[PDB]
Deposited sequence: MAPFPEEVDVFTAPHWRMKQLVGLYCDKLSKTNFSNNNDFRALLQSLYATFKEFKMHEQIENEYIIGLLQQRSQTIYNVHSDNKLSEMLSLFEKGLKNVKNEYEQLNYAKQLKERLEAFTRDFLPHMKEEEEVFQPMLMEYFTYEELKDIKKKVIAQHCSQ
């Protein structure tokens, strides 16, 4: 698929880069240490804010359009909002090492589940929405769209 009409690849290269960064931080993080703990949550909150902007950009510049033209919408492209709330909880409601370590176990559980769903969600957009975009829009329309999408991401 021509680079100039690919509306997922570059944003997703950034999102996967962010997944890699938080997985790395997660596994090197000392949850018994309060500073290490908060720094981790702070990184995670910023990261997940960018994920939310990304999904919003998709909704506003790509998905809403594709769904009006194909009318083949049934799945509703929430998750991120619950993850951000989780993080806030850790940054405001955790006082000592006992709470930190109980929290960590839950954080890890929820991030693993998030990650296991987020990668396939992205692959479905590239494998399914991209090709649909080909049949319902012209090549220049798609170029315009990618233009608007990169502007919002970058």
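- According to the record, no C-alpha positions are given for deposited positions 1 to 3, 81 to 82, 160 to 161, numbered from 1.
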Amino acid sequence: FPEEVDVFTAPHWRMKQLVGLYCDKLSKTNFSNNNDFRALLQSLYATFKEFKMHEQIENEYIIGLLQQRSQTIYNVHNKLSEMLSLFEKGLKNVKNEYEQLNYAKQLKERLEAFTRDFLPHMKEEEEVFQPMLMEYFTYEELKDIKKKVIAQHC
From here on, numbers count along this sequence of modelled residues.
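- For the two regions 22 to 30 and 44 to 52, the entry's Cα B-factors average higher over 22 to 30.
- Note on 101 to 109 vs 66 to 74: mean CA B-factor is higher in 66 to 74.
- When the C-alpha B-factors of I57, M122, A39, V94 are read from the PDB record, the largest value belongs to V94.
- Per the PDB record, residue ranking by Cα B-factor puts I145 in the lowest third of the chain.
- Split the chain's modelled residues into thirds by C-alpha temperature factor. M134 is in the highest one.
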